[PDB]
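The sequence lines fix the lettering, A, B, ..., with proteins before strands; numbering per chain opens at 1. Just the heavy atoms: all of them, side chains too, but no hydrogens, waters or symmetry mates, feed the values below.
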Amino acid sequence: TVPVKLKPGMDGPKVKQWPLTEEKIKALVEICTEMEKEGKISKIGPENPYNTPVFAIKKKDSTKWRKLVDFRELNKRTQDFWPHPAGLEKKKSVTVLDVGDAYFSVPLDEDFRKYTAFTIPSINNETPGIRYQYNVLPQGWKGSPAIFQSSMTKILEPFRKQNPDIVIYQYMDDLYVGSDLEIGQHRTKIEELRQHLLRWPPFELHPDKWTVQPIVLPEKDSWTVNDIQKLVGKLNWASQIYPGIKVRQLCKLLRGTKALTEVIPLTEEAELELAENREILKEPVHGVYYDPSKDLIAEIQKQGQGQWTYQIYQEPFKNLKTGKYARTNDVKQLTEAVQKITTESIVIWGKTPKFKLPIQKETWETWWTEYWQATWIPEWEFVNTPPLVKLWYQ
Amino acid sequence: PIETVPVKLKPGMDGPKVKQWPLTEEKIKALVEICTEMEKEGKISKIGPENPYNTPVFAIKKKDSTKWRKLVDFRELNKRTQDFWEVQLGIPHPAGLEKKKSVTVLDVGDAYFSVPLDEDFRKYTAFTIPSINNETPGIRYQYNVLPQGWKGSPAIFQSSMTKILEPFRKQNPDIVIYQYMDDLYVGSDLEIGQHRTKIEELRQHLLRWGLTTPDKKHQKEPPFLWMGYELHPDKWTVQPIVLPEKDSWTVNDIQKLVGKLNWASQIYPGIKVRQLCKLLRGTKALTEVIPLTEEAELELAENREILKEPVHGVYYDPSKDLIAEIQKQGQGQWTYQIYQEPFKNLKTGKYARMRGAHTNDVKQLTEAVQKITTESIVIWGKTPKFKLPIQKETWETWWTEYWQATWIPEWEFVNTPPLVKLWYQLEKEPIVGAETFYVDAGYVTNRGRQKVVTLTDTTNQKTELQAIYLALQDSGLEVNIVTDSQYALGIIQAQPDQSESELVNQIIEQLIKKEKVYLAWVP
Ligand SMILES: Cc1ccnc2c1NC(=O)c1cccnc1N2C1CC1
Ligand SMILES: [Mg+2]
């Protein structure tokens with residue numbers, strides 16, 4: 001085992017466990033009861049004051065439950081360990097594989113196990129609740145992938161030299177296998193992997209198509225005072241980014257106090273300005289690169305009608321990406337989107353971003369696990385998106 | 001014997017070294033008696049002059065007796081001792097229990113004093129008993145079992161108990177046991193005699209570990225009063241609440257009454273404190289007497305009546321679905337009931353939480369639904385099917401116009417006034433032929449009209465809503481309003497129906513009147 005430690009000075013996590021449904025609890029019991037039999041985990045005693053919340057999510061294309069342990073706090077308190085494929089996103093199509101079970105065959109430094117304590121609560125606090133800690137490398141922990149790195153190269157060695165046509169990237173419990181081969185000749189080399197892996201794992205992304213939704217301006221037959229006003233307001237907001245945007249000429253049609261619905265013919269001078277403003281918006285602003293030293297932020301907006309919008313930046317307005325997601329219920333969608341964005345974020349930069357979700361914390365904390373499927377959990381906070389902003393997207 | 005839990009002092013820190021304060025020869029004797037007995041029984045052990053650690057101890061007299069009782073002040077040791085797994089924070093709610101035929105409660109005497117202490121820690125539990133002779137040194141002991149007053153006792157005791165109960169619970173899956181501090185509640189559906197018999201089995205099983213308990217003649221009988229409730233094996237309620245009968249009320253009395261009234265609302269529907277609570281406005285002292293307004297008197301009277309006849313909560317029948325029903329019982333006031341059997345409440349309640357300065361009934365209702373949902377998962381580990389006074393059409397509409405996401409489990413409309421609705425809606429497109437008002441403390445319209453007024457005791461954004469307000473007043477049934485206030489925009493766009501701000505309310509009032517209103521924003 002490897003002597004792991006928390007970042008200097010730091011102690012272990014003591015995260016409250018969000019109440020669970022009788023269903024999820026029963027599942028977690030059947031599971032932990034079993035991991036206990038196989039020595040992966042062990043019941044702990046009162047001398048352990050640490051805690052990490054545990055949840056149960058269902059696997060996609062599987063009737064079985066998966067134990068999702070939210071080691072977010074613990075991962076922050078863990079020490080750092082001392083390479084992302086510049087072309088994984090370039091690749092035509094990538095598949096994602098869960099190799100979390102790889103860890104369940106490697107011990108966890110004895111003096112560190114205390115820090116992985118977690119609890120299976122009981123309905124209405126009628127019983128004290130089952131307490132365990134890990135003996136093997138736990139799925140979801142920052143240290144597992146790291147500590148298992150060696151053993152992982154020693155195993156991806158053959159496929160890597162055998163098939164140097166496919167790029168393989170690992171991220172925590174997941175494996176991103178990319179290539180440009182035919183989708184049939186792909187889904188194959190993938191199963192050829194699931195086999196070279198069983199020799200020691202359940203589940204296409206196509207990072208090729210991932211596009212940056214530009215800002216758009218209404219193309220109207222006729223233009224009313226209102227239309228122009230929405231136009232100017234939006235443009236003005238965007239002049240913050242693309243300073244070449246002018247509205248001087250558009251504001252001229254808006255002098256006086258006309259009737260909102262009054263149709264306005266657009267002056268020659270003005271129609272030539274809009275076109276320039278349109279051209280400028282066709283592509284993302286220049287000189288905005290990804291700083292590895294900065295957190296990735298991801299904001300979402302409910303557009304309505306089952307349509308959402310996101311943007312990934314580090315500095316305000318300086319967007320690294322922008323997208324849109326479309327169809328359930330509001331919550332299901334938002335969770336599916338978060339994941340979709342997290343994956344992409346991983347695929348492109350190798351780090352999950354920090355989301356700013358438009359929903360009450362209690363509502364989210366309540367249903368998010370009903371549709372979550374990823375093995376990781378991004379960081380997130382809850383916000384109250386303004387109107388104007390939402391209007392300026394999609 | 002039970003397993004020993006490994007204790008350690010907090011990092012870096014060292015054991016306590018508190019000098020023993022002086023003790024009357026009288027107390028000295030009594031202690032030497034108490035401690036000599038403890039050393040005979042193995043709970044403590046005479047130690048050597050090598051141990052530097054010390055904890056102060058003193059004697060206390062127990063009601064009824066010439067005898068004294070020993071008390072050890074483990075504060076410092078407590079400060080220097082590690083943190084343990086939080087002794088049960090959450091308690092069950094009567095409504096989550098399933099009825100039993102018989103329920104027996106048992107007190108565990110010799111609680112801590114019957115559980116081993118980690119050998120490496122015993123050296124910190126050192127205390128000294130001063131001798132009466134001046135030349136003679138007083139005796140020093142240490143603990144061998146969990147000490148009363150020590151930090152890790154509550155948790156390590158429960159830990160042990162749970163382990164001790166393991167087998168018995170397995171051999172008896174038909175018996176339910178809830179552990180609470182030194183008490184133990186045991187229910188079963190066995191026949192009277194069989195139940196009493198099992199109790200005796202448990203009693204002996206626990207005693208096999210030195211844990212003593214009361215025999216049938218000495219056990220407390222139902223209903224058991226617990227955490228403010230009055231529990232039967234078949235039904236539950238809050239313990240009898242009596243309402244003061246007087247003509248002089250202080251702020252203290254009113255606050256206590258309101259507090260008492262809230263407690264009851266979880267079983268007694270119809271309880272209201274809106275008027276009593278009002279009596280609290282501007283109060284200067286806790287002893288200030290506030291006359292009961294005519295409405296507060298009427299309120300107290302209805303609650304008093306509601307509380308005259310007891311009502312009981314039935315227990316959870318896991319075979320049946322949970323049904324939840326919400327009612328709007330006044331502006332910002334809601335009431336809900338949770339039952340399985342048509343109208344036999346497992347529990348009730350009232351939500352009055354306004355999240356944010358402005359809001360509408362839909363938001364509020366929805367938040368009430370979320371609050372209830374969370375509550376149920378906690379008590380019954382499942383969410384109830386809801387009965388709501390809102391129509392799907394209405395809800396759905398507001399849903400898709402709102403920028404925030406939200407969900408509502410299975411729910412059916414219940415035509416039970418008042419039905420929640422939206423009192424108004426902003427046109428999606430500007431109104432043709434409807435005058436256009438441009439506001440910026442005044443306004444100007446395309447039809448030539450205008451008006452300007454000055455305002456005092458006004459905040460910046462307050463004047464902003466004023467403009468919009470004036471415009472609504474002066475406009476006709478249909479009106480287009482243009483503003484540069486992102487602030488006012490949001491507020492109104494949110495389509496609130498209630499607010500703290502009077503101004504907002506008037507605006508809402510205006511808004512409800514109009515046929516068509518279109519609001520626009522401009523930088
Ligand atoms: C205080 C408490 C907490 C949790 N459950 C119970 C109790 N007490 C009871 O009196 C009770 C009453 C009816 C059914 N179960 C009950 N019991 C269960 C143990 C039989
Ligand atoms: Mg203006």
Side-chain heavy atoms of B:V251 within contact of B:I290, under 4.5 Å: yes
field: Contact check, side chains of A:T309 and A:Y325, non-hydrogen atoms, under 4.5 Å
entry: no
query: Which word best sums up how the rings of A:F55 and A:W368 line up, parallel for under 30°, tilted for 30 to 60°, or perpendicular for over 60°?
result: perpendicular
field: Residue pair B:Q88 / A:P128: nearest heavy atoms and the distance that separates them
entry: NE2-O, 3.2 Å
- request: Report the C-alpha separation of B:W423 and B:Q495 in whole Å, then their side-chain angles, then the decisive distance to 0.1 Å, and conclude whether the side chain to side chain contact (heavy atoms under 4.5 Å, CB included) test is met.
  value: CA-CA 9 Å; B:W423 298 70; B:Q495 300 195 172; over 6 Å; no
message: Quick one: does any side-chain atom of B:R304 pair with a main-chain N or O of B:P244 as donor and acceptor, under 3.5 Å?
response: yes
statement: On a heavy-atom basis, the closest approach of B:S499 and B:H358 is OG-ND1, 2.8 Å
- prompt: Does the pair B:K385/B:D321 count as a salt bridge with the N-to-O cut at 4.0 Å?
  reply: yes
task: Can you label the angle between the B:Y185 ring and the B:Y178 ring as parallel, tilted or perpendicular, going by 30° and 60°?
output: tilted
Row check, A:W18 ring normal vs A:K16 NZ/CZ: under 6.0 Å, within 45°: no
- request: Measure the shortest side-chain to side-chain distance between A:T352 and A:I377 over non-hydrogen atoms and say whether it is less than 4.5 angstrom.
  value: no
field: Flag side-chain contact, heavy atom, 4.5 Å: B:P318 against B:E98
entry: yes
message: To the nearest 0.5 Å, what is the distance between CD on B:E367 and CD1 on B:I372?
response: 12.0 Å
message: Testing the basics here: between B:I379 and A:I123, what is the closest heavy-atom pair and its distance to 0.1 Å?
response: O-CG2, 3.3 Å
message: Tell me the closest heavy-atom pair linking B:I271 and B:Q329, and the distance in Å.
response: O-NE2, 4.3 Å
Test item: side-chain donor near acceptor, A:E299 and A:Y393, under 3.5 Å: no
task: Answer yes or no: is there a side-chain heavy-atom contact under 4.5 Å between A:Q360 and B:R355?
output: yes
Distance-only side-chain donor-acceptor flag, B:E464 / B:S485, under 3.5 Å: yes
- prompt: Would you say A:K302's side chain and B:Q404's backbone share a donor-acceptor pair under 3.5 angstrom?
  reply: yes
query: Short question: side chain of B:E288, backbone of B:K284 - any donor-acceptor pair under 3.5 Å?
result: yes
message: Apply side chain to side chain contact (heavy atoms under 4.5 Å, CB included) to residues B:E230 and B:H312 and explain how you reach the verdict.
response: CA-CA 9 Å; B:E230 190 166 89; B:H312 302 283; 5.5 Å; no
query: Of the non-hydrogen atoms in B:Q327 and B:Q337, which two are nearest, and what is the gap between them?
result: NE2-OE1, 2.6 Å
- prompt: Does the distance from a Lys or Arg side-chain N to an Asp or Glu carboxylate O, for A:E362 and B:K371, drop under 4.0 Å?
  reply: no
message: Quick check for you: to the nearest 0.5 Å, what is the distance between A:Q17 atom CD and A:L20 atom CG?
response: 4.5 Å
message: Has A:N125 got a side-chain atom pairing as donor or acceptor with B:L89's backbone, closer than 3.5 angstrom?
response: no
- prompt: Which distance, rounded to the nearest 0.5 Å, do you find between the CH2 of B:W407 and the CG of A:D330?
  reply: 8.5 Å
message: Determine whether a donor-acceptor pair (N or O, by modelled atom type, separation under 3.5 Å) exists between the side chain of B:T458 and the backbone of B:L455.
response: no
message: side chain to side chain contact (heavy atoms under 4.5 Å, CB included) for B:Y518 and B:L426? Distances and angles first, verdict last.
response: CA-CA 5 Å; B:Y518 178 80; B:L426 308 142; over 6 Å; no
Nearest-0.5 Å distance that lies between atom CG in B:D361 and atom CG in B:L365: 8.0 Å
message: For a side-chain hydrogen bond (donor to acceptor under 3.5 Å, both in side chains) check, start with the C-alpha distance between A:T328 and A:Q333, then their side-chain angles and the critical distance, and finish with the verdict.
response: CA-CA 7 Å; A:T328 60; A:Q333 292 167 16; 2.6 Å; yes
task: With the side chain counted from C-beta on, respond yes when B:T406 and A:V331 share a heavy-atom pair under 4.5 Å apart, and no when they do not.
output: no
Side-chain donor or acceptor of A:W392 paired with backbone N/O of A:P387 under 3.5 Å: no
Any donor-acceptor N or O pair under 3.5 Å, side chains B:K387, B:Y339: yes
- request: Determine the minimum heavy-atom distance between B:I390 and B:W411, stating which atoms define it.
  value: O-CZ3, 3.1 Å
query: In terms of side-chain heavy atoms, does B:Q506 have a donor or acceptor partner in B:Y469 at a distance below 3.5 Å?
result: yes
- request: Fit a plane to each ring of B:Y229 and B:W236, take the angle between them on a 0 to 90° scale, and name the class: parallel (under 30°), tilted (30 to 60°) or perpendicular (over 60°).
  value: perpendicular
field: Stacked cation flag A:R327 on A:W308, 6.0 angstrom / 45 deg
entry: no
query: Do the charged groups of B:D253 and B:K256 touch, with an N to O distance under 4.0 Å?
result: no
query: Is there a donor-acceptor contact under 3.5 Å from the side chain of A:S122 to the main chain of A:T127?
result: yes
query: Would a 4.5 Å heavy-atom cut-off, applied to side chains only, mark A:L388 and B:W521 as touching?
result: yes
- prompt: Side-chain donor-acceptor pair under 3.5 Å between A:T369 and A:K24, yes or no?
  reply: yes
task: Determine whether the side chains of A:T119 and A:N51 contain a donor N or O and an acceptor N or O closer than 3.5 Å.
output: yes
query: So, B:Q275 versus B:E297: side-chain donor-acceptor pair below 3.5 Å or not?
result: no
- request: Indicate yes or no for a side-chain donor-acceptor contact from B:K462 to the backbone of B:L503 under 3.5 Å, with no hydrogens or angles considered.
  value: no
query: Just by distance, do the side chain of B:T293 and the backbone of B:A296 share a donor-acceptor pair under 3.5 Å?
result: yes
query: In Å, rounded to the nearest 0.5 Å, how long is the span from CD1 of B:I468 to OH of B:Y487?
result: 10.0 Å
- request: May I ask you to check if B:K421 and B:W395 form a cation-pi contact, with NZ or CZ under 6.0 angstrom from the six-membered ring centre and within 45° of the axis?
  value: no
SB check B:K392 B:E412 (cutoff 4.0 Å): no
query: Using a distance-only test with no angle check, is there a side-chain donor-acceptor pair under 3.5 angstrom linking B:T250 and B:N252?
result: no
Donor-acceptor contact present, side-chain B:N345 to main-chain B:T348, <3.5 Å: no
message: Taking NZ in B:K514 as the centre, count heavy atoms belonging to other residues, nucleotides or ligands within less than 6.0 Å. Is the count above 12?
response: yes
message: Less than 4.0 angstrom from a charged side-chain N to a carboxylate O is my criterion; do A:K14 and B:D83 meet it?
response: yes
- prompt: Heavy-atom count around B:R353 CZ within 6.0 Å, excluding the residue itself: above 12?
  reply: yes
task: Can you measure from CZ (B:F386) to CD1 (B:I326) and round to the nearest 0.5 angstrom?
output: 5.5 Å
message: Tell me if the centroids of the rings in B:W398 and B:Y402 come within less than 6.0 Å of each other.
response: yes
message: Between B:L257 and B:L300, does the side chain to side chain contact (heavy atoms under 4.5 Å, CB included) criterion hold? Intermediate values first, please.
response: CA-CA 9 Å; B:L257 175 60; B:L300 177 48; 4.0 Å; yes
message: Counting C-beta onward and ignoring hydrogens, is there a side-chain heavy-atom pair between A:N124 and B:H93 closer than 4.5 Å?
response: yes
query: If you count the non-hydrogen atoms of other residues, nucleotides and ligands that lie under 6.0 Å from NZ in A:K58, is the total more than 12?
result: yes
